[PDB]
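Chemist: Structure file entry.cif, mmCIF, C-alpha atoms, is pasted below:
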data_target
loop_
_atom_site.label_atom_id
_atom_site.label_comp_id
_atom_site.auth_asym_id
_atom_site.auth_seq_id
_atom_site.Cartn_x
_atom_site.Cartn_y
_atom_site.Cartn_z
CA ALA T 1 148.43 222.98 191.87
CA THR T 2 146.33 225.29 189.72
CA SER T 3 144.47 223.68 186.85
CA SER T 4 144.58 225.92 183.78
CA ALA T 5 141.31 224.32 182.65
CA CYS T 6 139.66 224.94 186.03
CA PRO T 7 141.27 227.65 188.22
CA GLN T 8 138.02 227.70 190.23
CA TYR T 9 135.79 224.70 190.79
CA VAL T 10 132.99 223.45 193.01
CA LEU T 11 132.44 219.90 194.23
CA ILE T 12 128.66 219.83 194.55
CA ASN T 13 127.70 216.84 196.67
CA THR T 14 124.23 215.57 197.46
CA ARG T 15 123.95 213.29 200.48
CA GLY T 16 122.01 210.15 201.32
CA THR T 17 118.84 209.73 203.37
CA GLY T 18 119.43 210.47 207.03
CA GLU T 19 122.86 212.05 206.70
CA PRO T 20 123.00 215.39 208.55
CA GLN T 21 122.90 218.48 206.37
CA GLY T 22 126.58 218.94 205.58
CA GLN T 23 129.02 217.05 203.38
CA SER T 24 128.07 213.45 202.66
CA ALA T 25 130.26 210.86 204.34
CA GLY T 26 130.37 209.35 200.84
CA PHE T 27 132.73 212.08 199.59
CA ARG T 28 134.60 213.39 202.62
CA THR T 29 137.89 211.61 201.98
CA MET T 30 138.03 212.09 198.22
CA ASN T 31 137.09 215.75 198.60
CA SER T 32 139.87 216.34 201.10
CA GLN T 33 142.18 214.82 198.47
CA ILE T 34 140.80 216.82 195.53
CA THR T 35 140.89 220.18 197.30
CA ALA T 36 144.42 219.48 198.57
CA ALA T 37 145.54 218.58 195.03
CA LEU T 38 143.97 221.50 193.17
CA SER T 39 143.62 225.07 194.37
CA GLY T 40 140.48 227.13 193.86
CA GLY T 41 138.07 224.48 195.07
CA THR T 42 135.10 224.57 197.39
CA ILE T 43 132.71 221.87 198.56
CA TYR T 44 129.01 222.71 198.25
CA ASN T 45 126.54 220.55 200.15
CA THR T 46 123.17 220.41 198.43
CA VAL T 47 120.42 221.72 200.68
CA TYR T 48 117.38 219.47 200.97
CA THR T 49 115.68 217.26 203.54
CA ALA T 50 117.16 213.94 202.38
CA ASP T 51 114.04 212.37 203.90
CA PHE T 52 113.00 208.74 203.57
CA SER T 53 110.22 209.46 201.03
CA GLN T 54 112.84 209.76 198.25
CA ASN T 55 111.04 212.79 196.86
CA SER T 56 114.23 214.66 196.08
CA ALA T 57 113.04 217.60 193.94
CA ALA T 58 114.48 220.19 196.33
CA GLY T 59 117.89 218.51 196.03
CA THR T 60 117.82 218.49 192.25
CA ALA T 61 116.72 222.14 192.25
CA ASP T 62 119.52 223.19 194.60
CA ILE T 63 122.21 221.41 192.54
CA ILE T 64 121.05 223.34 189.49
CA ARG T 65 120.73 226.57 191.49
CA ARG T 66 124.37 226.29 192.58
CA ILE T 67 125.53 225.54 189.03
CA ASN T 68 123.70 228.53 187.59
CA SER T 69 124.64 230.95 190.38
CA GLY T 70 128.30 230.02 189.95
CA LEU T 71 128.17 230.53 186.18
CA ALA T 72 126.62 233.96 186.67
CA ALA T 73 129.64 234.94 188.81
CA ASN T 74 132.28 233.14 186.76
CA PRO T 75 131.37 231.81 183.29
CA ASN T 76 134.54 229.69 183.41
CA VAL T 77 133.85 227.86 186.68
CA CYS T 78 134.03 224.05 186.65
CA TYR T 79 131.89 221.54 188.53
CA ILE T 80 132.02 217.97 189.67
CA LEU T 81 128.59 216.66 190.70
CA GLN T 82 128.67 213.96 193.37
CA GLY T 83 125.72 212.01 194.71
CA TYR T 84 125.24 209.16 197.19
CA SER T 85 122.07 207.07 197.41
CA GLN T 86 119.09 209.49 197.38
CA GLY T 87 121.64 212.16 196.40
CA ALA T 88 122.72 210.09 193.41
CA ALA T 89 119.10 209.96 192.22
CA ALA T 90 118.77 213.72 192.75
CA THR T 91 121.91 214.20 190.65
CA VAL T 92 120.68 211.90 187.86
CA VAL T 93 117.44 213.89 187.66
CA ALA T 94 119.48 217.11 187.53
CA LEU T 95 121.27 215.71 184.46
CA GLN T 96 117.92 214.89 182.88
CA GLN T 97 116.78 218.48 183.43
CA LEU T 98 120.04 220.15 182.39
CA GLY T 99 120.16 218.44 179.02
CA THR T 100 123.24 217.60 176.99
CA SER T 101 124.16 221.00 175.56
CA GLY T 102 124.61 224.54 176.85
CA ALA T 103 126.57 226.38 179.53
CA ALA T 104 125.64 224.20 182.51
CA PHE T 105 126.41 220.99 180.62
CA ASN T 106 129.76 222.37 179.48
CA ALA T 107 130.73 223.52 182.99
CA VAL T 108 130.06 220.12 184.57
CA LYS T 109 133.32 218.29 183.94
CA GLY T 110 132.34 215.08 185.72
CA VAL T 111 129.56 213.29 187.56
CA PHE T 112 130.47 210.80 190.29
CA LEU T 113 127.75 208.60 191.76
CA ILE T 114 127.80 205.98 194.51
CA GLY T 115 125.00 203.64 195.53
CA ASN T 116 122.76 204.98 192.77
CA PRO T 117 119.07 203.98 192.94
CA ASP T 118 118.92 204.94 189.25
CA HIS T 119 121.76 202.60 188.25
CA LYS T 120 121.10 201.33 184.72
CA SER T 121 122.32 197.99 183.42
CA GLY T 122 124.91 198.21 180.67
CA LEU T 123 126.01 201.85 180.85
CA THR T 124 129.77 202.10 180.38
CA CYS T 125 130.03 204.67 183.19
CA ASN T 126 129.19 201.77 185.53
CA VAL T 127 132.04 200.39 187.63
CA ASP T 128 132.33 198.45 190.88
CA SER T 129 134.30 199.47 193.99
CA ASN T 130 137.52 198.22 192.39
CA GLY T 131 136.90 200.02 189.09
CA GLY T 132 135.89 196.79 187.37
CA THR T 133 132.72 195.66 185.65
CA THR T 134 131.10 193.22 188.10
CA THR T 135 128.14 195.57 188.61
CA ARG T 136 127.98 197.00 185.11
CA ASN T 137 124.96 194.91 184.10
CA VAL T 138 122.63 195.40 187.03
CA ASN T 139 119.77 197.78 187.74
CA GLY T 140 119.00 199.88 190.78
CA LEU T 141 115.75 199.98 192.71
CA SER T 142 114.45 203.16 191.08
CA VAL T 143 115.70 203.19 187.49
CA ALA T 144 112.45 201.80 186.05
CA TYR T 145 110.44 204.86 187.07
CA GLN T 146 113.04 207.56 187.71
CA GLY T 147 115.21 206.92 184.66
CA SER T 148 118.94 206.88 184.23
CA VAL T 149 122.04 208.92 183.48
CA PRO T 150 121.23 210.29 179.98
CA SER T 151 123.31 208.90 177.12
CA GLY T 152 124.91 212.30 176.47
CA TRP T 153 126.28 212.41 180.05
CA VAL T 154 127.67 208.86 180.21
CA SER T 155 131.15 209.70 178.87
CA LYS T 156 131.88 212.02 181.82
CA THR T 157 130.09 209.98 184.50
CA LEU T 158 131.37 207.32 186.84
CA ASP T 159 128.56 205.35 188.48
CA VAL T 160 130.14 203.29 191.24
CA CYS T 161 128.09 200.40 192.57
CA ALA T 162 129.61 198.07 195.14
CA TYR T 163 128.95 194.43 194.31
CA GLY T 164 125.87 193.42 196.25
CA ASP T 165 124.73 196.93 197.22
CA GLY T 166 120.97 196.31 197.04
CA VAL T 167 120.14 199.92 196.11
CA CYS T 168 122.15 200.03 192.85
CA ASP T 169 122.53 196.25 192.34
CA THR T 170 119.23 194.41 192.69
CA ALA T 171 120.77 191.33 191.05
CA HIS T 172 123.31 190.55 193.77
CA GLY T 173 122.20 192.85 196.57
CA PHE T 174 119.30 192.85 198.99
CA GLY T 175 118.11 196.28 200.09
CA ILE T 176 120.13 198.70 202.19
CA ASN T 177 122.90 196.47 203.44
CA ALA T 178 126.54 196.82 204.48
CA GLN T 179 127.54 197.17 200.85
CA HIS T 180 125.35 200.28 200.47
CA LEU T 181 126.96 201.74 203.59
CA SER T 182 130.54 200.86 202.56
CA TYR T 183 131.41 203.79 200.32
CA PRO T 184 132.68 206.40 202.82
CA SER T 185 135.57 204.15 203.87
CA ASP T 186 136.12 202.08 200.75
CA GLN T 187 139.63 202.99 199.63
CA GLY T 188 139.00 201.95 196.04
CA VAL T 189 135.92 204.17 195.90
CA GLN T 190 137.54 207.18 197.56
CA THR T 191 140.70 206.99 195.47
CA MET T 192 138.79 206.48 192.23
CA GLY T 193 136.59 209.48 193.02
CA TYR T 194 139.57 211.71 193.81
CA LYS T 195 141.47 210.71 190.65
CA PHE T 196 138.34 211.03 188.52
CA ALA T 197 137.60 214.55 189.76
CA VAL T 198 141.18 215.84 189.56
CA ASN T 199 141.58 214.49 186.02
CA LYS T 200 138.22 215.83 184.82
CA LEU T 201 139.17 219.21 186.32
CA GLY T 202 142.36 219.24 184.24
CA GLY T 203 144.88 218.29 186.92
CA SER T 204 147.24 215.35 187.34
CA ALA T 205 146.33 212.37 189.53
#
In structure tokens, what does this structure look like?

Modeler:
Amino acid sequence: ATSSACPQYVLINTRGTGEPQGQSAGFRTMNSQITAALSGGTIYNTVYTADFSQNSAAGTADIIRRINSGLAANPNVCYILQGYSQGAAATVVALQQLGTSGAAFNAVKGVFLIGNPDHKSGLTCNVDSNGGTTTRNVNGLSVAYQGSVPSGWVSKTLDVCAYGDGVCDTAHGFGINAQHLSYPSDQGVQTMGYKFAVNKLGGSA
């Protein structure tokens, strides 16, 4: 189907530490679903090292580069920003830099995060792998210094934290564990991400 709201869109995804340059395993299934549901889509894989240091500036910069380059070519292009683990942090910092007004903000229809080190207790974008609230009121490993999804972005963000994922849920989790690695094959996560994106892009799902 063609979305009248978004005849062309880009799923910009930023991967986790150690994933090969390419699409994150975190979004492969949902992105196959989104692009099959809505025409005019491409999947852009943020270019950066995704190294263990967690210094992700090049990732943040490349997200924003892709957003701005797209808008230069098509002022009506739509984006979904997706980030897993280090890539979620890189995405959060992109939101902080983009601000909450202007062309880039307007073009980003949704932000979908999994295993977010910057997960912030109490934000209403926060859901668990089943779409519930069991990880709403927990903090990630990095939020204290790196900050959070800005308030003006929350209404179009979904920050998915599996119960007991130690990266986004330091209350119930304990470091990088199976829960942090679960997202690529979690059917709740993949389906939620696909429906979220298609709906934010103006389609039916």

Chemist: Hey, which of T:150, T:115, T:193, T:70 ends up closest to residue 166 in chain T? Count only C-alpha atoms.

Modeler: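 Once distances to residue 166 in chain T are computed over only C-alpha atoms, the minimum belongs to T:115.
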
Chemist: Please evaluate the PyMOL selection byres ((chain T and resi 64) around 12) against the displayed coordinates and give the resulting residues as number ranges by chain.

Modeler: T: 12-14, 44, 46-47, 57-63, 65-71, 79, 81, 90-99, 103-105, 107-108

Chemist: Rank T:177, T:54, T:204, T:101 by their smallest atom-to-atom distance to residue 86 in chain T, using only C-alpha atoms, and report the top residue only.

Modeler: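 Closest candidate: T:54.
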
Chemist: Which residues match the PyMOL selection byres ((chain T and resi 24-41) around 7) in the file above, as a PyMOL selection string?

Modeler: chain T and resi 1-3+7-10+13-15+19+22-23+42-43+84+183-184+190-191+193-194+197-198

Chemist: Which of these, T:152, T:117, T:132, T:188, has the shortest distance to residue 170 in chain T once you count only C-alpha atoms?

Modeler: T:117

Chemist: Quick one: 3 Å padding each side, axis-aligned, all listed atoms of range 77-82 of chain T - centre and edge lengths in Å to one decimal, as AutoDock Vina command-line options?

Modeler:
--center_x 131.3 --center_y 220.9 --center_z 190.0 --size_x 11.4 --size_y 19.9 --size_z 12.7

Chemist: In Å, how far is it from CA of residue 72 in chain T to CA of residue 11 in chain T?

Modeler: 17.0 Å

Chemist: For residue 156 in chain T, list every protein, DNA or RNA residue within 9 Å, evaluated using only C-alpha atoms, and leave out those in the same chain fewer than 6 positions away; present the list as a VMD selection string.

Modeler: chain T and resid 108 to 112 125 200

Chemist: Let's have the selection written as a PDB file, keeping the file's coordinate frame, with C-alpha atoms.

Modeler:
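Result saved to again-v9.pdb:
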ATOM      1  CA  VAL T 108     130.060 220.120 184.570  1.00  0.00           C
ATOM      2  CA  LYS T 109     133.320 218.290 183.940  1.00  0.00           C
ATOM      3  CA  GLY T 110     132.340 215.080 185.720  1.00  0.00           C
ATOM      4  CA  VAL T 111     129.560 213.290 187.560  1.00  0.00           C
ATOM      5  CA  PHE T 112     130.470 210.800 190.290  1.00  0.00           C
ATOM      6  CA  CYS T 125     130.030 204.670 183.190  1.00  0.00           C
ATOM      7  CA  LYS T 200     138.220 215.830 184.820  1.00  0.00           C
TER       8      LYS T 200
END

Chemist: Taking (121.5, 197.6, 178.3) in the file's own coordinates, collect the residues within 10 Å, counting all atoms listed in the file, and hand them back as a list in words.

Modeler: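 Returned residue set, sorted by chain then number, is residues 120, 121, 122, 123, 124, 136, 137, 138 and 139 of chain T.
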
Chemist: Pull C-alpha atoms from the residues just selected and write them as an mmCIF file, in the frame of the given file.

Modeler:
data_model
loop_
_atom_site.group_PDB
_atom_site.id
_atom_site.type_symbol
_atom_site.label_atom_id
_atom_site.label_comp_id
_atom_site.auth_asym_id
_atom_site.auth_seq_id
_atom_site.Cartn_x
_atom_site.Cartn_y
_atom_site.Cartn_z
ATOM 1 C CA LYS T 120 121.100 201.330 184.720
ATOM 2 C CA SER T 121 122.320 197.990 183.420
ATOM 3 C CA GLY T 122 124.910 198.210 180.670
ATOM 4 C CA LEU T 123 126.010 201.850 180.850
ATOM 5 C CA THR T 124 129.770 202.100 180.380
ATOM 6 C CA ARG T 136 127.980 197.000 185.110
ATOM 7 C CA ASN T 137 124.960 194.910 184.100
ATOM 8 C CA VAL T 138 122.630 195.400 187.030
ATOM 9 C CA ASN T 139 119.770 197.780 187.740
#

Chemist: Pick from T:87, T:16, T:140, T:164: nearest to residue 179 in chain T, with all atoms listed in the file counted?

Modeler: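 Checking each candidate against residue 179 in chain T, we get T:164 as the closest.
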
Chemist: Give me range 49-72 of chain T with N, CA, C and O atoms filled in, as a CSV table (one decimal), in the coordinates of the input.

Modeler:
chain,number,residue,atom,x,y,z
T,49,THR,N,116.0,218.0,202.3
T,49,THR,CA,115.7,217.3,203.5
T,49,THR,C,116.4,215.9,203.6
T,49,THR,O,116.6,215.4,204.7
T,50,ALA,N,116.6,215.3,202.4
T,50,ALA,CA,117.2,213.9,202.4
T,50,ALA,C,116.3,213.0,203.2
T,50,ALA,O,116.8,212.2,204.1
T,51,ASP,N,115.0,213.1,203.1
T,51,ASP,CA,114.0,212.4,203.9
T,51,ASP,C,113.7,211.0,203.3
T,51,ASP,O,114.0,210.8,202.1
T,52,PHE,N,113.1,210.1,204.0
T,52,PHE,CA,113.0,208.7,203.6
T,52,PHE,C,112.0,208.6,202.4
T,52,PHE,O,112.0,207.5,201.7
T,53,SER,N,111.2,209.6,202.1
T,53,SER,CA,110.2,209.5,201.0
T,53,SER,C,110.9,209.2,199.7
T,53,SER,O,110.3,208.6,198.8
T,54,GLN,N,112.1,209.7,199.5
T,54,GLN,CA,112.8,209.8,198.2
T,54,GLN,C,112.3,210.8,197.2
T,54,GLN,O,112.7,210.7,196.1
T,55,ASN,N,111.5,211.7,197.7
T,55,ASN,CA,111.0,212.8,196.9
T,55,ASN,C,112.1,213.9,197.0
T,55,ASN,O,112.1,214.7,197.9
T,56,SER,N,113.0,213.9,196.0
T,56,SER,CA,114.2,214.7,196.1
T,56,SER,C,114.3,215.9,195.2
T,56,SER,O,115.3,216.5,195.0
T,57,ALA,N,113.1,216.4,194.8
T,57,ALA,CA,113.0,217.6,193.9
T,57,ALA,C,113.8,218.8,194.5
T,57,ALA,O,114.5,219.5,193.7
T,58,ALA,N,113.8,219.0,195.8
T,58,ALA,CA,114.5,220.2,196.3
T,58,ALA,C,116.0,220.0,196.2
T,58,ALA,O,116.7,221.0,196.0
T,59,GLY,N,116.5,218.8,196.2
T,59,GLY,CA,117.9,218.5,196.0
T,59,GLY,C,118.3,218.8,194.6
T,59,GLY,O,119.3,219.5,194.4
T,60,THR,N,117.6,218.2,193.7
T,60,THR,CA,117.8,218.5,192.2
T,60,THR,C,117.8,220.0,192.0
T,60,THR,O,118.7,220.5,191.3
T,61,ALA,N,116.8,220.7,192.5
T,61,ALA,CA,116.7,222.1,192.2
T,61,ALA,C,117.9,222.9,192.8
T,61,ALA,O,118.4,223.8,192.2
T,62,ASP,N,118.4,222.5,194.0
T,62,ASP,CA,119.5,223.2,194.6
T,62,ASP,C,120.9,222.9,193.9
T,62,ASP,O,121.7,223.8,193.9
T,63,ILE,N,121.0,221.7,193.4
T,63,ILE,CA,122.2,221.4,192.5
T,63,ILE,C,122.3,222.4,191.4
T,63,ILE,O,123.3,223.0,191.1
T,64,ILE,N,121.1,222.5,190.7
T,64,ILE,CA,121.0,223.3,189.5
T,64,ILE,C,121.2,224.8,189.9
T,64,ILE,O,121.9,225.6,189.2
T,65,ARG,N,120.6,225.2,191.0
T,65,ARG,CA,120.7,226.6,191.5
T,65,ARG,C,122.2,226.9,191.7
T,65,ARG,O,122.6,228.0,191.3
T,66,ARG,N,123.0,226.0,192.3
T,66,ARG,CA,124.4,226.3,192.6
T,66,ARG,C,125.2,226.4,191.3
T,66,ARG,O,126.0,227.3,191.1
T,67,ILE,N,124.9,225.5,190.3
T,67,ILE,CA,125.5,225.5,189.0
T,67,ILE,C,125.3,226.9,188.4
T,67,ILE,O,126.2,227.6,187.9
T,68,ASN,N,124.0,227.3,188.3
T,68,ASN,CA,123.7,228.5,187.6
T,68,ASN,C,124.2,229.8,188.3
T,68,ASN,O,124.7,230.7,187.7
T,69,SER,N,124.1,229.8,189.6
T,69,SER,CA,124.6,231.0,190.4
T,69,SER,C,126.1,231.1,190.2
T,69,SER,O,126.6,232.2,190.0
T,70,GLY,N,126.9,230.0,190.2
T,70,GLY,CA,128.3,230.0,190.0
T,70,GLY,C,128.6,230.6,188.6
T,70,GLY,O,129.5,231.4,188.4
T,71,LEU,N,127.9,230.1,187.5
T,71,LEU,CA,128.2,230.5,186.2
T,71,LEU,C,127.9,232.0,186.0
T,71,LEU,O,128.6,232.7,185.2
T,72,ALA,N,126.9,232.5,186.7
T,72,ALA,CA,126.6,234.0,186.7
T,72,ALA,C,127.8,234.8,187.2
T,72,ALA,O,128.1,235.9,186.7
